[PDB]
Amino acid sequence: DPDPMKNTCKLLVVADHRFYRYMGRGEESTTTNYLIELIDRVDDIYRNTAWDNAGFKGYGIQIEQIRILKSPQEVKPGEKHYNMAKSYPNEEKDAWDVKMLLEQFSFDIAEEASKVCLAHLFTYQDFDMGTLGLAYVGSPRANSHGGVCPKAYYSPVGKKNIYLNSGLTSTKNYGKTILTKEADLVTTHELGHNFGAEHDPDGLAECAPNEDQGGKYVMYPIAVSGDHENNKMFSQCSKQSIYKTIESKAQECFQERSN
């Protein structure tokens, strides 16, 4: 039965200078409110999900710290940063290579990252191939590096400890802002990875239903529209993975739900 004291994954949420400018209209309060609202709607999905299809419910996400980067991190030659002005590795792209950004962000946020269940990056960058978000997959194993619950690994190159309790979401795709309902689902799904779910097996009918049965679930490998019933829910495939992970990791790094 869930532990009321250990039922919530507290977030560090970062809005880099891009999201701030283009989603928050250059306003800190606007940016802050947007993401408080976003995470709150993502939390409705999680909290209301029964991972064992019965009483293993109530588990959610809350922001512990929001950080708004009103300004890019200035960079001289031969040095990089996730919230730097320029994209990496190609300068002449709208966006970073998604995997390198997640990697960069995790290195830069390392000191903060160790203090929280999860760290999440919000950005406004048009990644190639319609890519919208990325995150490390959690696991019930104690040594797992990735997903819920910070676990140090030393980077000899980085000259410090890193935590892969992280993920990111962009609200820009094919040259435009995505829909609010799309953004909610990008974050649900990345946090879903963090929480331990791999993508749904697309040829398995129970975990990838046809439209007439409510459509695909949120861990479907191709961005869902959010128009169909199942789009905002977790498949049984996702439940079984996330359940195991929560069952093991809640005692480690989950906290009490705050008002």
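Just count from 1 along the sequence shown to find any residue number.
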Requested in this report: Name the higher of the two by mean Cα B-factor in the PDB entry, 17 to 25 versus 237 to 245.
Outcome: 17 to 25
Query raised in the report: According to the deposited model, is the average Cα temperature factor higher in 97 to 105 or in 112 to 120?
Result: 97 to 105
Requested in this report: Using the temperature factors in the entry, find which of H189, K181, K159, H81 has the highest value at its Cα atom.
Outcome: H81
Report task. Tell me, please, which of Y136, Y154, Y163, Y174 has the highest C-alpha B factor according to the deposited entry? Result -> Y174
Query raised in the report: Hey, what third does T131 fall into on Cα B-factor, ranked over its chain?
Result: middle
Query raised in the report: Thinking about Cα B factors across the chain, which third does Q213 belong to?
Result: highest
Report task. Sort the modelled residues of this chain by their C-alpha B factor and say whether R41 lands in the lowest, middle or highest third. Result -> lowest
Query raised in the report: C-alpha B factor of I68, ranked within the chain: lowest, middle or highest third?
Result: highest
Report task. Could you tell me which third, lowest, middle or highest, the C-alpha B-factor of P89 occupies within its chain? Result -> highest
